Amino acid sequence: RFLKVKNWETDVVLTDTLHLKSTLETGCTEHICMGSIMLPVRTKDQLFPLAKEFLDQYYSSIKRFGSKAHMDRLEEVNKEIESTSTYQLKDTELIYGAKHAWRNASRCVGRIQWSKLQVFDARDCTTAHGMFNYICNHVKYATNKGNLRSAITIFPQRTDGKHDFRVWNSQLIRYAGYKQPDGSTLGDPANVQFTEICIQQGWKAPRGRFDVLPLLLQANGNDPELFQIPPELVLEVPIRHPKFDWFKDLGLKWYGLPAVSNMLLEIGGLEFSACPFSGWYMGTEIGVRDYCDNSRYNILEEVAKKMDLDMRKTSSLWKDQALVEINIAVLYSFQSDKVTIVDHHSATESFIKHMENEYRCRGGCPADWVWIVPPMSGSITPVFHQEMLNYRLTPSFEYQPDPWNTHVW
Amino acid sequence: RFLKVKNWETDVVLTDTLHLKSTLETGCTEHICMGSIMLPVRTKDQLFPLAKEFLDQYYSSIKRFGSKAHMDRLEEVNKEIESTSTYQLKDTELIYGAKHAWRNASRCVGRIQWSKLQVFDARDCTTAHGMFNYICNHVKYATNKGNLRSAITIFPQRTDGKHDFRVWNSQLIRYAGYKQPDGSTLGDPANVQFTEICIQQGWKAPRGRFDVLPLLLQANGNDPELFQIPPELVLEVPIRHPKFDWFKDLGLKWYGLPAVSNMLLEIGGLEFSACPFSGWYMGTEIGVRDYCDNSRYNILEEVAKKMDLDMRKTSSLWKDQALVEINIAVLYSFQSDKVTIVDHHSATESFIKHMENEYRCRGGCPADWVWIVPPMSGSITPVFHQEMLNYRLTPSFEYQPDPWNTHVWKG
Ligand code: HEM
Ligand code: HEM
Ligand SMILES: C[C@H](O)[C@H](O)[C@H]1CNc2nc(N)[nH]c(=O)c2N1
Ligand SMILES: C[C@H](O)[C@H](O)[C@H]1CNc2nc(N)[nH]c(=O)c2N1
Ligand SMILES: CCSCCC(=N)NCCC[C@H](N)C(=O)O
Ligand SMILES: CCSCCC(=N)NCCC[C@H](N)C(=O)O
Ligand SMILES: [Zn+2]
């Protein structure tokens, strides 16, 4: 029942008890581990125990468990669900919930920051036009001219499931991708399907390498509508290298604001299907994944060629050499433009300190090792050597089906 | 049931049915994943089904399932178990079993090679001296003057648990570590506890940075005895860099033969507690882990100092740059000396081909992503993008407690 986790570099052994508060399932069984798999309406009956569990955790957190106010709130919510089949969170409960969904995010290395989240309550939003305004304001607040600030914007909860709010985009800011007659892909290959949806919905595409996608916003279950983020709100960084003069000539850039927009926020049984949230980048996200994945911008070959590396043999490690240089350029370019970015050494060092705090104060920290370890230089970061237990606590950020697969027009 | 795994780079989807043959447990539950945890006398009653399921697997593999030879063999083993509480494997079954424990080893990226394994049957061994001789012969055979050959040597199985054969070394060839009174370590910090045991047992330690450990060998449950591997049988490689002439003056070297000696082989319910096996290195094992772990030789700072990298801030990626140069030097050195080694790109590419072949011919390939993904440059290797399923098939290699924790000393 009490579980131990060991760090193999330091020999420090921590004891996890928080996993006993675990609600959702992992995908693993006693017979099979599914730890490397990417992707492994609530009735009145279903909803009250979920509200109770959340309210109990909330009242505990402000040291008023079992109090008059605790018991009166539980009764109020019970009455509301029995009468209306749902209930509404107090602003304090929504802020607590969003912060804890971040705290519980087992795949996120940046959780040391969890209590410093700005929460924008957009539950009064009714139209897609309202959504666009709120999102532009999120974008401007979070960007803060390069001094990035963590934020979430929360739109109205699911009701009967026919009036969902949804941002159809996977992040607020992403680049278009276009299948060419050539057979190659122009832009970001990850976004080819979504760009096709936008064009079919009437977006006039510039058909370039780094075209910022419009937002496709769905309010109150209505058909989604198109909006362009004001260009002057989208901060972008040209990529250059501190030593290699030729790097700038590759014509690379990236955006400053990573803002995930397709996840679902579950708080006390309630489901917030449009809840875009943002922090700041870890450099390997752009330099390793977005630039060097074979199915992404796939620039390893081009950079290796400019460096004049021996590309005849895998064992010269030309791919590894070019990888480090691309990642040096990403960090240098963001730092020179004074746009917040974290390197993987500093980010993982932080997460370790966070994990230690969480073990001492909360009895544990759910963590998905497969996601926490950076996609380059894994064992030279401290998280590689750290045993982690993965489990699902609520409030939570959850994946949900892409809306074009689900939406009836 | 069918389970699907996807490659997120190619969109190839494979279907696993082999997991249905898994009986052993993982540590995971519907509520917790223990995927990154390093370590998560049998009765007659439990022994016959394990025997039977193994012999069913063996006979199917030779297309003789349900033959008279198969039925006669089950009857023979059943009678041997009923009367002696154990049984003896035939040589063919032992070879099949060792090959399959390797095929089934979910943490091994080198399994494309599984069907090429030289099996040395040492089940006639009775003493630690005889163990020493078997192991010297394994080292010479597997080394093959640098053209490495995979091999395993199998000592007698467990009987009552009071007569176990054990190699107390974690690998056949490893370097001593010495803790100094000032708290520093000379040599390999991984091997400090074991070195202390060797010295206590009588080893005259040279006290240098790369001292090959003596073997410490336990036969038939007796107290272990020390032996030195003949120096001429221990192939080593001086480390140098193709471009940086100062690299050689770091005074680095490593041994050619990686040979795991502390694991237990389970075949058909029988337990082979002493079963050293060897292959060849993937370069990151030495260059990333052995040299660059903070708790191992820890050379990153010294290498970066010599490269004149900006070390004031981690965001210059100085550790990453020095890491690549060290790994280049390891691969270059071994290749220059004609000692078998494989780079992490080659090894992971071959593993993906092996895995896809296994899915098609066997219905699956259990694999532990946490171990399979290399410790540098993970996502530029194809295994990072491959979903894998981890489960436990028999025959298998298992961890076992260190023998100094469990040994009853006779005196
Ligand atoms: C403040 C700076 C932050 C840093 C440096 C950071 C770091 C990261 C990184 C590197 C990833 C992996 C992303 C990927 O590989 O695609 C990640 C994932 C994630 N983060 Fe954060 N994070 C930050 C803020 C936040 C915030 C503000 C939230 C929510 C309020 C959050 C919740 C999540 C979630 C739910 C995931 C998993 C996303 C997915 O599954 O695709 N993080 N984080
Ligand atoms: C032919 C070349 C081989 C290569 C390139 C190779 C590669 C690897 C690597 C890189 C590891 C991880 C080692 C570590 O991080 O400590 C490993 C683990 C392992 N390999 Fe291999 N291997 C080979 C041969 C073999 C052989 C001959 C066997 C047994 C007959 C075997 C069975 C295993 C097992 C059981 C592990 C897990 C060890 C542990 O848990 O400590 N492999 N392999
Ligand atoms: C198949 C495997 O689960 C997949 O490639 C994962 C591995 N680890 C990851 N880790 C992070 N942070 N982000 C990712 O997208 C992935 N992809
Ligand atoms: C805690 C964690 O599981 C541990 O550091 C693992 C990670 N992956 C590994 N992978 C390999 N091949 N070898 C190892 O020793 C480890 N160590
Ligand atoms: C928003 C929650 S995590 C904080 C932001 C972030 N550091 N990453 C978000 C994902 C970005 C994606 N990996 C990309 O490379 O564009
Ligand atoms: C023997 C079974 S796997 C094949 C050999 C091997 N490539 N490594 C074994 C482990 C070596 C350890 N990581 C080290 O760096 O010394
Ligand atoms: Zn698991």
Seminar exercise, completed: Rounded to one decimal in Å, the inverse mean reciprocal Cα-Cα distance for region A:124-199, i.e. its Kirkwood radius, is 14.9
Problem set entry | Pairwise label distance in nanometres, B:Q88 with B:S115, each label 7 Å out on the Cα-Cβ vector | 3.1
Problem set entry | Amide H contacts under 5 Å for A:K253, placed H, 5+ residues apart | A:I239
For this session: Wrap a convex hull around the Cα atoms of region A:335-409, take a quarter of its surface area, and give that in square nanometres.
Result: 8.8
Problem set entry | Long pairs among B:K90/B:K145; B:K21/B:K63; B:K204/B:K305; A:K162/A:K204; B:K21/B:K140, criterion Cα-Cα beyond 26 Å | B:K90/B:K145; B:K204/B:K305; A:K162/A:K204; B:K21/B:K140
Exercise. If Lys and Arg each add +1 and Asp and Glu each add -1, what is the summed charge of the other residues whose beta carbon sits under 13 Å from the beta carbon of A:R111?
Worked result: +3
For this session: Grab the other residues whose beta carbon is less than 15 angstrom from that of A:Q157, score K and R as +1, D and E as -1, and report the net.
Result: -4
Problem set entry | Convex hull volume per residue in cubic angstrom - Cα atoms of region A:218-377 | 175
Problem set entry | Average beta-carbon neighbours from other chains, 10 Å sphere, peptide B:308-317 | 5
For this session: Using every pair of alpha-carbon atoms in the protein assembly as shown, split the distances into 10 Å bins beginning at 0 and state the percent of pairs per bin, rounded to integers.
Result: 2, 11, 20, 23, 19, 13, 9, 3, 0
Exercise. How high is the FRET efficiency between A:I62 and A:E9 when r is their beta carbon distance and R₀ equals 45 Å, given to the nearest 0.05?
Worked result: 0.75
Exercise. Nearest 0.05, what FRET efficiency do B:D72 and A:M71 give at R0 = 56 Å with Cβ-Cβ as r?
Worked result: 0.15
Problem set entry | Helical contribution to [θ] at 222 nm, DSSP H n ≥ 4, -39,500 (n - 2.57), averaged over chain B, rounded to 500 | -9500 deg cm²/dmol
For this session: Using θ = phi - 60° and the Karplus relation 6.51 cos²θ - 1.76 cosθ + 1.60, list the HN-Hα couplings for region A:131-145 in order, rounded to whole Hz, with x at every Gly or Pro.
Result: 4, 4, 4, 4, 6, 4, 5, 4, 3, 5, 5, 5, 5, 6, 6
Exercise. When the Kirkwood radius is taken over all Cα pairs of region A:51-104, what Stokes-Einstein diffusion coefficient follows at 10 °C and 1.306 mPa s, in µm²/s?
Worked result: 137
Exercise. Region A:126-188 to region A:44-75: how many Å between their Cα centroids?
Worked result: 33
Exercise. If you take the beta carbon distance between A:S184 and A:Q400 as r and set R0 to 22 Å, what does 1/(1 + (r/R0)^6) give as a FRET efficiency, to the nearest 0.05?
Worked result: 0.10
For this session: Working from the alpha-carbon coordinates of region A:261-339, get Rg over Rh, Rh being the Kirkwood radius.
Result: 1.20
Problem set entry | Magnitude of the charge dipole, region B:50-151, Cβ model with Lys/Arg +1 and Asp/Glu -1, debye to 20 | 700
For this session: Would you list the P(r) distribution for region B:282-411, with all Cα-Cα distances sorted into 5 Å bins from 0 and each bin expressed as a whole %?
Result: 2, 9, 14, 15, 15, 14, 11, 9, 6, 4, 1, 0
Problem set entry | Calculated Rg and Dmax of chain A using C-alpha coordinates, Å | 22.7, 74
Exercise. Averaged over A:18-26, how many beta carbons belonging to a partner chain fall within 10 Å of each residue's beta carbon?
Worked result: 3
Exercise. Roughly how many whole Å is it from the C-alpha centroid of region A:268-335 to that of region A:344-387?
Worked result: 20
Exercise. From Cα coordinates alone, what are the radius of gyration and Dmax values for region B:296-358 in angstrom?
Worked result: 15.8, 48
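Note that we place each Cβ from the backbone using ideal geometry, even for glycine, and neighbour counts take in every protein chain shown. Laboratory data are not the source of any read-out in this text; all were calculated from the coordinates shown.
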